[PDB]
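**Student:** experimental structure and sequence below, a few questions after.
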Amino acid sequence: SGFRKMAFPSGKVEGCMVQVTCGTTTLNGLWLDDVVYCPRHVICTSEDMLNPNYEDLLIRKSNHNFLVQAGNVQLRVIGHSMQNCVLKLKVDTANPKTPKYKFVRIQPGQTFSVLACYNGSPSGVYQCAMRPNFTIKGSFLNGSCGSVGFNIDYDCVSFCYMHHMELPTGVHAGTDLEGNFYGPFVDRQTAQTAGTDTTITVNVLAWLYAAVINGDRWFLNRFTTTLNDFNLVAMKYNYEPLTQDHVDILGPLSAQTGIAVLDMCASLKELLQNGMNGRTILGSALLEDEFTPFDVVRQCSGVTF
Amino acid sequence: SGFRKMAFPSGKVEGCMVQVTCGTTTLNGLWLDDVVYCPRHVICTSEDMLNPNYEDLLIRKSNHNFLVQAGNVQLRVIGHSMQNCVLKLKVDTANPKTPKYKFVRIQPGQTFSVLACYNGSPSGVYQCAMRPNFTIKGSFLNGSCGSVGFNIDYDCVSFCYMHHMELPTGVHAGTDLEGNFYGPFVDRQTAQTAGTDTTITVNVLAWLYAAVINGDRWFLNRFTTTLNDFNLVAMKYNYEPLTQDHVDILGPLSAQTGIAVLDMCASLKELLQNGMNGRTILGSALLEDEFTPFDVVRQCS
Ligand SMILES: *C(=N)[C@H](C[C@@H]1CCNC1=O)NC(=O)[C@@H]1[C@@H]2[C@H](CN1C(=O)[C@@H](NC(=O)C(F)(F)F)C(C)(C)C)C2(C)C
Ligand SMILES: *C(=N)[C@H](C[C@@H]1CCNC1=O)NC(=O)[C@@H]1[C@@H]2[C@H](CN1C(=O)[C@@H](NC(=O)C(F)(F)F)C(C)(C)C)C2(C)C
């Protein structure tokens, strides 16, 4: 028993992290086969980050302008190209540690593990959710850029996130591994703000299931609700609408606990109205929304990689 | 910016995890050079669990009674010895993935990462703290035994915990890597209860210092306290007594913020007195006690 914010094992991704230097800018790169991926803003000088012309800056640089270090070994860059907001450096050597991998774009509410790195060196791993406003509540200091988010499914690493920037509100913004930003952000030192966030309702319900599975039952009540009645109340409290998709996805947990989803919706509705009345759920005084249904079944079933 | 409960990268420990089987019992082992370390209770049957005579069970074992399996490879056991509650299997292959390592015994309030494993395969990694009552609030199912807790310092892995059992309150007990239990627990399936748990006061203060560094001051007050008056109040909320040692440890955070340790103690008294009144500190509506003074300086500016 027990319930923790649990990250994927980072071993396969630690094998891929390199240091990328262009002039005075150092940050992190992802070395897969004979390409290194990193944020395109590595080419920017102080003056440039305000209104950079990336295509302009890029064409003016020789391969030797990119210093790529895998531990003590310098990699020789034999090509460079842009793809949206990620720079792709072609190197002479395939990464012998390249895992089975895929680039995947994730939906809001979906969780991943972040491997925080500094000078191409893995520092820490944590579990995140893509917020509905396309930000992540990360922990990133100077030099964190190029740090990646991933999921594992058997032996396949799904890279979903590369870190680019921090928003003034202390939350974080980045791209998929094809350089497409998550959310309405641009890689420029101009002023940007995260939209107002909402709570991932399907994730809160999965976390209440995890509570019941661990013997925390006090919030269960005799009632049932409907999606409409639940969703009408939910919107009020800035809660994502619960779609029928969501109700089907909880089916395993519902069947495994004996608590039907629309019964659990009535328990969550009451929690939104009255709060938790000086009580905790799994030692939390807040309603936790960074666990997916699949995260709950995986931790509670002991799925390995 | 940001403040996350963060674990160490698990790669160096993943490289060391194996499956250890003895009779019908399978759990996880830790393979370092030519020794596999695992919980000695791998040699128990069902019946053996209440009053196992470990010395009696072990003399009856051959090296070839132990199946060790690193991925496909079955390792060959060329020696077995017990040390306290840890079985040590000598094998004929040094682990090539062996990192720089050392074994360390941690004190209550110290944090570490856990690589939860089943059948020598990792399920996931999370961050923990040795509770004052010498338990951990882990996430551990059947077959999790031999999963380890660790810290990483540059490229050196400090192993500090190996998992052995779950107490009736749903909390976890285990040993250092020399096989000595943390706390008064024994590797028998006998009635055992955790002592009443307390909050790790020094960690909460560190976390309040973290909140200030991250720019939140709402909970500061114009008061100070004596160490003694602080502890008299704190204990009424089941907080660990704060020692002069704890005060010395908090020195650097005190300096960085310019807030005296005993002023920060004054804020905690008030918070204990008032709660948070719909507010949060670093995104928590509870006071966080699983960040050490060291963890805060490591993760903050
Ligand atoms: C990459 N190593 C850093 C990571 C930062 C450092 C502090 N926390 C992080 O996540 N990324 C950057 O320096 C990017 C980079 C220019 C500006 N930038 C920022 O993160 C800045 N943010 C913004 O300009 C804002 F708010 F508009 F999003 C900063 C103010 C320094 C936090 C570029 C090219 C976007
Ligand atoms: C190792 N794979 C398990 C890990 C357990 C299983 C459930 N969650 C865990 O952390 N270890 C054990 O099964 C140990 C083992 C015998 C009994 N045991 C227990 O964890 C049991 N608890 C106790 O005996 C108690 F309460 F005293 F700690 C159990 C009832 C199965 C939870 C030995 C040798 C202690």
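**Tutor:** Great, that's in hand. Numbering: from 1, shown residues only, chains lettered A, B, ... in the order given. Ligands and ions are numbered 1, 2, ... in the order given.
**Student:** residue A:17 reaches residue A:36, doesn't it?
**Tutor:** No: taking C-beta atoms under 8 Å as the definition, residue A:17 is not a contact partner of residue A:36, at 10.1 Å. To be clear about C-beta, it is placed using only N, CA and C from the backbone, and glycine gets the same treatment.
**Student:** of those two, which one has the most company?
**Tutor:** Each of residue A:17 and residue A:36 has its neighbours counted (other C-beta atoms under 10 Å in any protein chain shown); residue A:36 has more, 28 against 24.
**Student:** residue contacts, residue A:85?
**Tutor:** By C-beta atoms under 8 Å, 6 or more residues apart in numbering or on different chains, the contact list for residue A:85 reads A:39-41, A:164, A:175, A:179-181, A:187.
**Student:** out of these, give me the two with the largest separation.
**Tutor:** The distance between the two most remote of these (C-beta to C-beta) is 15.1 Å, for A:41 and A:180.
**Student:** so between the two, which is more surrounded?
**Tutor:** With neighbours defined as other C-beta under 10 Å, residue A:41 and residue A:180 compare such that residue A:41 has more, 22 against 12.
**Student:** isn't the more buried one right up against residue A:164?
**Tutor:** Yes: counting by C-beta under 8 Å, residue A:41 sits close enough to residue A:164 to count as a contact (6.9 Å).
**Student:** quick one: common contacting residues for these two?
**Tutor:** A:85, A:145, A:187.
**Student:** looking at it, the last one is touching residue A:38, isn't it?
**Tutor:** No: at 11.9 Å, residue A:187 does not count as touching residue A:38 under the criterion of C-beta under 8 Å.
**Student:** ok, back up a step: report the buried members of the contacts of residue A:85.
**Tutor:** The neighbour count (16 or more other C-beta atoms under 10 Å in any protein chain shown) marks A:39-41, A:164, A:175, A:179, A:181, A:187 as buried among the contacts of residue A:85.
**Student:** re earlier: adding distance to residue A:300 and secondary structure, write the contacts of residue A:85 out as JSON lines.
**Tutor:** Formatted as JSON lines, those follow (distance: C-beta to C-beta, whole Å; DSSP: H, G, I helix; E, B strand; the rest coil):
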{"residue": "A:39", "distance to residue A:300": "37", "secondary structure": "strand"}
{"residue": "A:40", "distance to residue A:300": "41", "secondary structure": "helix"}
{"residue": "A:41", "distance to residue A:300": "41", "secondary structure": "helix"}
{"residue": "A:164", "distance to residue A:300": "34", "secondary structure": "strand"}
{"residue": "A:175", "distance to residue A:300": "33", "secondary structure": "strand"}
{"residue": "A:179", "distance to residue A:300": "36", "secondary structure": "coil"}
{"residue": "A:180", "distance to residue A:300": "33", "secondary structure": "coil"}
{"residue": "A:181", "distance to residue A:300": "34", "secondary structure": "strand"}
{"residue": "A:187", "distance to residue A:300": "39", "secondary structure": "coil"}
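**Student:** restrict the residues you listed to contacts with ligand 2.
**Tutor:** Taking C-beta under 6 Å from any ligand atom as the test, ligand 2 is in contact with none of the contacts of residue A:85.
**Student:** and of those residues, the nearest to ligand 1?
**Tutor:** residue A:41 (3.6 Å; C-beta to the nearest ligand atom).
**Student:** ok now do that closest one, which residues does it touch?
**Tutor:** A:25, A:49, A:52, A:54, A:85, A:145, A:164, A:187.
**Student:** before we move on, the earlier item: residue A:73: which of the contacts of residue A:85 is nearest?
**Tutor:** residue A:39 (22.2 Å).
**Student:** isn't the closest one up against residue A:144?
**Tutor:** No: the criterion here is C-beta under 8 Å, and residue A:39 misses it with residue A:144 at 10.6 Å.
**Student:** need the residues touching each of the two.
**Tutor:** Taking C-beta under 8 Å, 6+ apart as the contact rule, residue A:39 and residue A:144 both touch A:27, A:163.
**Student:** what parts of the stretch 151-300 of chain A come near chain B?
**Tutor:** A:166, A:170-172, A:214-215, A:280, A:283-286, A:298-300 (C-beta under 8 Å from any C-beta of the partner chain).
**Student:** which of those residues are buried? Put it as a PyMOL command.
**Tutor:** Of these, the buried ones go into a single PyMOL selection, burial set by 16+ other C-beta under 10 Å:
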select buried, chain A and resi 166+170+171+172+214+284+285+298+299+300
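**Student:** in strands, which of the contacts of residue A:41 fall?
**Tutor:** Among the contacts of residue A:41, the residues falling in strands (DSSP state E) are A:25, A:164.
**Student:** return the residues of the stretch 1-150 of chain A in contact with ligand 1.
**Tutor:** Residues of the stretch 1-150 of chain A lying near ligand 1 (C-beta under 6 Å from any ligand atom): A:27, A:41, A:44, A:49, A:140-145.
**Student:** which residues touch stretch A:179-191?
**Tutor:** Identification of contacts with stretch A:179-191 by C-beta under 8 Å, 6+ apart yields A:39-41, A:49-52, A:82-86, A:105, A:130, A:133-135, A:161, A:164-165, A:167-168, A:173-176, A:192, A:194-195.
**Student:** am I right that residue A:211 is in a helix?
**Tutor:** Yes: counting by DSSP: H, G, I helix; E, B strand; the rest coil, residue A:211 is part of a helix.
**Student:** quick one: the residue of chain A found nearest ligand 1 from chain B, how far?
**Tutor:** With C-beta to the nearest ligand atom, the shortest gap between chain A and ligand 1 falls at residue A:145, namely 2.8 Å. Here the criterion is C-beta to the nearest C-beta, to the nearest Å. By it, residue A:145 lies 14 Å from chain B.
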